[PDB]
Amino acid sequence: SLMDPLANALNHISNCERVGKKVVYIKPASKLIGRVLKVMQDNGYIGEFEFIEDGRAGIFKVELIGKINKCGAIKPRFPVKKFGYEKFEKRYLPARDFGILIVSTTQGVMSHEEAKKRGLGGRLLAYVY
């Protein structure tokens, strides 16, 4: 069985970043994945990225910039309250002071830091440091 779309996207990025590649093409291109990439971008973890129409689910061309040390999907997508992030930050960001949790809120996908800044709880979907 194939790995879920988002997990898959984060795995490829992770590795092509490690190997030093300057680009990666992510196959399944869901709105969710795009939304997650937007967060990683706004946080300086990846460069430009674009949707490439292919008649299927689409494709994401992501510009890597050697800013990622590791990233992946969080499974299951744990629910988190407005003040329950710390517990998760210790669990997925091995490095204190570095990284973000990407959470899905009723107001959209964003970093846990913006979710807190807004008093929103949500679903954990990934980590990046």
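Note that residue numbering begins at 1 and tracks the sequence as displayed.
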Residue range whose averaged C-alpha B-factor is higher in the record, 1-9 or 118-126: 1-9
Between the two ranges 31-39 and 86-94, the one averaging a larger CA B factor in the entry: 86-94
Highest recorded Cα temperature factor - choice among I74, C71, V80, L101: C71
Chain-wide C-alpha B factor ranking for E50, given as lowest, middle or highest third: highest
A57, C-alpha B-factor rank within chain (lowest, middle or highest third): middle
